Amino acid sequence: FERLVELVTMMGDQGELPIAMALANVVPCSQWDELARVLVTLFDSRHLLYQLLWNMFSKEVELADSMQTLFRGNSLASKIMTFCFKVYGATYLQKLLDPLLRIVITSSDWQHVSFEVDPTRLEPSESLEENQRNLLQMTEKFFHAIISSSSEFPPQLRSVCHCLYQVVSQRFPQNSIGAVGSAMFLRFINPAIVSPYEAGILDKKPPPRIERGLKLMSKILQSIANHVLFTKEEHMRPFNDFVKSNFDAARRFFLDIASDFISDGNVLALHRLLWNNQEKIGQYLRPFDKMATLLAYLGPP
């Protein structure tokens, strides 16, 4: 059939992916959310995902100025990574955080469990000291549960982190594992922790006292993953001792993840992405005639 149009997976000699990379710099930024979905879905459907991740992650690490800026923005390469975490690890993240969130909402949120640790916002009836005790108690069991999920990590996600670990290592050999665990917590775990209902983990939004706690806990969990201390908010420094003692426990989990099975796409009319950007994929530079002849037959809807 016309399925040769889906042969965007063509790989050039001594390199790879000419059509996708050209389409990467041409497609407008507003569609990069949709673009990261169509490439991952197609390539994984043809058992070529690793070559897709190898090309996109390489372009991001060659273009970055410092290692501290890698995959911390909303670039196309960063959206492709977040989409892979979402589609291969949502089941993993759901069943890992659901029992913990059910323990905080039900059986904990009654005796005025409060995680308010900003003294400027502390209610007079509450105590800062016991509130800090609740934040670390909740943060510890959440952190321990993530480090202890090494065996239950999906293999597809384990390959994405290994690919990300190898791509960064070819320009930042020292502590290249840091960018893996940082982006993993920043763009996959913590967004679901802050907004469990929006992530589909919970049925309804947690009570307000718990939403404030999950927000502060994700800030503590992000500092642990970043291997950095709190230095901006003064009311977060009391947690630096807890954060510093959990630095290397996160790396052992990250090193485990970065070392060492889906359906097809649904009714993907890829022409729309292909034809509504058909002017400047040819200017940008050989094979465009082969697809230009393809859609000379197949008319754009």
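Don't overthink the numbering: it's just position in the shown sequence, from 1.
Hey, how big is the hole between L285 and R286 in terms of deposited residues without coordinates: none, 1 to 3, 4 to 9, or 10 or more? According to the record, 10 or more deposited residues lack coordinates from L285 to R286.
Relative to the deposited sequence, how many residues with no modelled coordinates occur between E34 and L35 (none, 1 to 3, 4 to 9, 10 or more)? Missing in between: none.
Which has the higher mean CA temperature factor in the PDB entry, 148-156 or 205-213? The entry gives the higher C-alpha B-factor average to 148-156.
Please work out which of 11-19 and 276-284 has the higher mean CA B-factor as recorded in the PDB entry. Going by the record's values, the stretch with the higher mean is 276-284.
Residue with highest C-alpha B-factor in the PDB entry, from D109, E130, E116, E140: That would be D109, according to the entry.
Highest-ranked of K232, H47, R252, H271 once sorted by CA temperature factor in the record: If I rank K232, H47, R252, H271 by C-alpha B-factor, first place goes to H271.
With respect to C-alpha B-factor, does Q94 fall in the lowest, middle or highest third of the chain as deposited? It falls in the middle third of the chain.
Of the three thirds of its chain by CA temperature factor, lowest, middle or highest, which one includes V26? Highest third of the chain for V26's C-alpha B-factor.
Rank-wise, by C-alpha B-factor, drop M236 into the lowest, middle or highest third of its chain. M236: CA B-factor falls in the lowest third of its chain.
Chain-relative CA temperature factor third for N55: It belongs to the middle third of the chain when residues are ordered by C-alpha B-factor.
Chain-wide C-alpha B factor ranking for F261, given as lowest, middle or highest third: It falls in the top third of the chain.
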